[PDB]
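Only one structure is covered here, and it is reproduced in the block below.
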Ligand SMILES: [Zn+2]
Ligand SMILES: [Zn+2]
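Protein chains in written order, with PDB author numbering: chain B, 1 to 58; chain A, 1 to 58.
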């Protein structure tokens, strides 16, 4: 499985991490930033992206 | 297992994630910040922390 690991960067996930996710975190003063990663369990949230097809996390 | 999920919050990890980590993510122009999370596999990086005990990722 291949996932985005940032806005533009891409990697092959390590064993046991079968999902891509894209989730936002707070930065400062109401700004937010996206975190792109391979994972075994997706962070839950109302707008999180969680999927298992290549480069599906944006 | 329990980990920091940010600088000020903590959570009990979902079953299937038996590590805590703090790992570096780039922001802009050389600035960076840390992401705190449960994981099954730690992100590689010279500034990252990968551990297996309650709240160990700070
Ligand atoms: Zn400020
Ligand atoms: Zn700039």
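Yeah, the Cβ is synthetic: ideal placement off N, Cα and C, and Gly gets one too.
Name, in chain order, the residues that DSSP records as bridge partners for residue i.
i, result
"residue 28(A)", "31(A)"
"residue 37(A)", "21(A)"
"residue 4(A)", "10(A)"
Beta-carbon of residue i versus every beta-carbon of chain B: anything under 8 Å?
i, result
"residue 17(A)", "yes"
"residue 27(A)", "yes"
Using a Cβ-Cβ cut-off of 8 Å, state whether residue i counts as contacting chain A.
i, result
"residue 32(B)", "no"
*Cβ-based contacts, 7 Å cut-off: residues of the segment 40-54 of chain A near chain B*: Within the segment 40-54 of chain A, the residues whose Cβ lies closer than 7 Å to some Cβ of chain B are 40, 41, listed in chain order.
*What residues does ligand 2 have around it, judged by CB closer than 6 Å to any heavy atom, in chain order?*
If you measure from each CB to the nearest heavy atom of ligand 2, the residues under 6 Å come out as 28(A), 29(A).
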